[PDB]
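First comes the structure, then the notes that go with it.
Just so it is clear, the values below take in all heavy atoms, side chains as well, and ignore hydrogens, waters and symmetry mates. Within every chain, numbering begins at 1; the chains are lettered A, B, ... in the order of the sequence lines, protein sequences first and strands thereafter.
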Protein chains: 2
Amino acid sequence: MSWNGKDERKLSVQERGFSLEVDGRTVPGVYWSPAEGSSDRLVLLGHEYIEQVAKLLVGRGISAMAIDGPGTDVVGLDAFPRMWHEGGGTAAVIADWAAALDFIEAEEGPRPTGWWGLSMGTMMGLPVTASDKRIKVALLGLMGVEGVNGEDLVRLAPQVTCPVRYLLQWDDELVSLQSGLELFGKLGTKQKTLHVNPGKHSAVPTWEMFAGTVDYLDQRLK
Amino acid sequence: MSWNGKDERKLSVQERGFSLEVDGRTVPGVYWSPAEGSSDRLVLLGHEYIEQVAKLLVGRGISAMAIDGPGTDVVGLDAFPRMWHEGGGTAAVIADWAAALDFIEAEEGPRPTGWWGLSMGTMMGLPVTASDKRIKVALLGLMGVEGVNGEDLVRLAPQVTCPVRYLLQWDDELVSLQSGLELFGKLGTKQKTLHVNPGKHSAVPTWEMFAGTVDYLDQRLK
């Protein structure tokens with residue numbers, strides 16, 4: 001529950017590191033914001049592309065924050081299931097992000113807040129959005145019910161009640177299309193839309209990952 | 001191959017009727033255009049919502065044209081399969097739209113041309129786009145492989161090579177989601193994106209049907 005981290009300043013984006021102590025764990029984080037003056041909305045980024053998204057969001061006057069989770073793509077590694085549980089799994093993720101958002105709200109003031117995160121970002125983001133009603137819109141994707149925390153995802157999906165845009169890749173070698181569909185179907189909200197594009201897990205079209213998601217959060221996050 | 005039809009003028013949109021004689025058939029049509037001066041792009045509209053889309057397109061400086069095909073939604077009617085075949089089926093649709101586009105091109109000058117059409121509009125549009133390479137982008141949807149011309153759709157889908165946005169409704173009572181997915185998967189183009197929203201066949205969200213499709217064609221039709 002304190003800055004540093006250690007902080008820099010790249011162009012018109014101010015980046016500040018922070019660190020949290022949560023239920024016995026050390027939680028490293030980063031906060032991106034306009035270098036002057038203020039910023040009226042916030043997005044939590046779950047995970048290079050994260051830094052890219054953060055820059056674009058700041059460009060729309062939207063601050064961004066990320067912490068590390070219990071984690072080509074890490075979810076495809078044989079060692080990944082062990083890493084996830086050793087890191088406290090879904091319950092730890094929920095508490096860590098709740099503590100991180102508490103911190104930012106006290107330091108920067110509470111603002112309309114969204115979630116952006118694909119793959120492990122959805123393993124984290126779907127539970128967080130279900131659990132923390134401060135999340136007013138979520139961009140999720142590249143994850144299904146056969147994920148490492150699939151049980152939790154299926155259980156918590158009906159409790160996602162905010163608007164969602166969900167991305168899947170048709171030829172995703174890590175997440176079958178059917179598994180991704182099953183999870184999308186379980187989301188509680190009626191204000192959900194699924195975009196599916198051709199290609200492998202890492203091949204979300206850039207206009208979908210960048211312009212598309214940033215426009216979606218910019219429009220829907222109020 | 002002549003105007004009338006019989007024509008009116010509503011606001012800044014000029015509407016002109018036309019009529020064609022094609023391989024023994026009488027083909028009724030409508031042409032929407034800016035009332036002054038010109039318009040550099042055209043969209044063929046396959047089918048109230050058609051008139052709505054046409055108005056929005058004209059607003060972006062995009063003219064629109066529609067002819068009647070061999071046809072709540074007509075595709076759900078027990079009499080519909082008979083009507084489709086009695087109307088010459090897919091081969092008749094292809095020739096009729098080819099003749100209609102020939103007519104407009106001679107009268108108004110050839111322009112970058114797109115396709116918009118859902119349900120019966122895709123029963124017609126997918127074959128037309130496959131057959132007529134003047135179609136440079138297509139908005140398709142609400143149709144699958146279990147459609148009345150499903151065989152033709154499956155056969156011709158690999159020959160759709162232009163960009164496509166495809167819409168499906170999760171709870172579509174007329175077109176199963178799986179049938180819609182199967183057809184989307186068969187489209188030849190790599191520049192295709194599927195948007196799926198919750199609800200029944202008639203419940204495409206208005207922001208998806210209007211703003212979304214018009215923005216898509218406006219951006220992609222060049």
Side-chain angles (χ1 to χ4, degrees), chain A residues 118 137-142 144 157-158 160-172 175-200 202-222, chain B residues 118 137-142 144 157-158 160-172 175-200 202-222:
Chain A
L118 302 174
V137 50
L139 179 288
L140 297 165
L142 306 189
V160 172
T161 64
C162 63
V164 172
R165 175 178 288 182
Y166 205 93
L167 309 183
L168 289 175
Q169 285 292 112
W170 190 274
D171 309 284
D172 197 313
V175 173
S176 66
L177 181 69
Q178 296 301 330
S179 185
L181 293 164
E182 189 167 345
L183 186 56
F184 179 81
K186 295 189 177 293
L187 292 166
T189 184
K190 294 272 200 304
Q191 290 75 41
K192 56 182 180 186
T193 300
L194 172 67
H195 290 189
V196 190
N197 290 279
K200 301 273 284 285
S202 67
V204 175
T206 52
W207 53 263
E208 182 86 77
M209 176 176 296
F210 299 118
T213 68
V214 172
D215 285 344
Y216 177 73
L217 291 173
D218 190 11
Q219 285 158 26
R220 267 75 164 179
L221 181 54
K222 307 289 170 176
Chain B
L118 302 174
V137 50
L139 179 288
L140 297 165
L142 306 189
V160 172
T161 64
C162 63
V164 172
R165 175 178 288 182
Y166 205 93
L167 309 183
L168 289 175
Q169 285 292 112
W170 190 274
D171 309 284
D172 197 313
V175 173
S176 66
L177 181 69
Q178 296 301 330
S179 185
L181 293 164
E182 189 167 345
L183 186 56
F184 179 81
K186 295 189 177 293
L187 292 166
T189 184
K190 294 272 200 304
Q191 290 75 41
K192 56 182 180 186
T193 300
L194 172 67
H195 290 189
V196 190
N197 290 279
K200 301 273 284 285
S202 67
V204 175
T206 52
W207 53 263
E208 182 86 77
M209 176 176 296
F210 299 118
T213 68
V214 172
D215 285 344
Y216 177 73
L217 291 173
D218 190 11
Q219 285 158 26
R220 267 75 164 179
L221 181 54
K222 307 289 170 176

**OP:** Could you pull out all residues at least two apart from B:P163 that satisfy side chain to side chain contact (heavy atoms under 4.5 Å, CB included)?
**Re:** B:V137, B:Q191, B:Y216
**OP:** Using a heavy-atom cutoff of under 4.5 Å, enumerate the residues of residues 177-190 of chain A that contact chain B, numbered in order, or state 'none'.
**Re:** A:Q178, A:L181, A:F184, A:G185, A:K190
**OP:** Count the heavy-atom pairs under 4.5 Å between each of A:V196, A:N197, A:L168 and chain B, then report the option with the highest count.
**Re:** A:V196
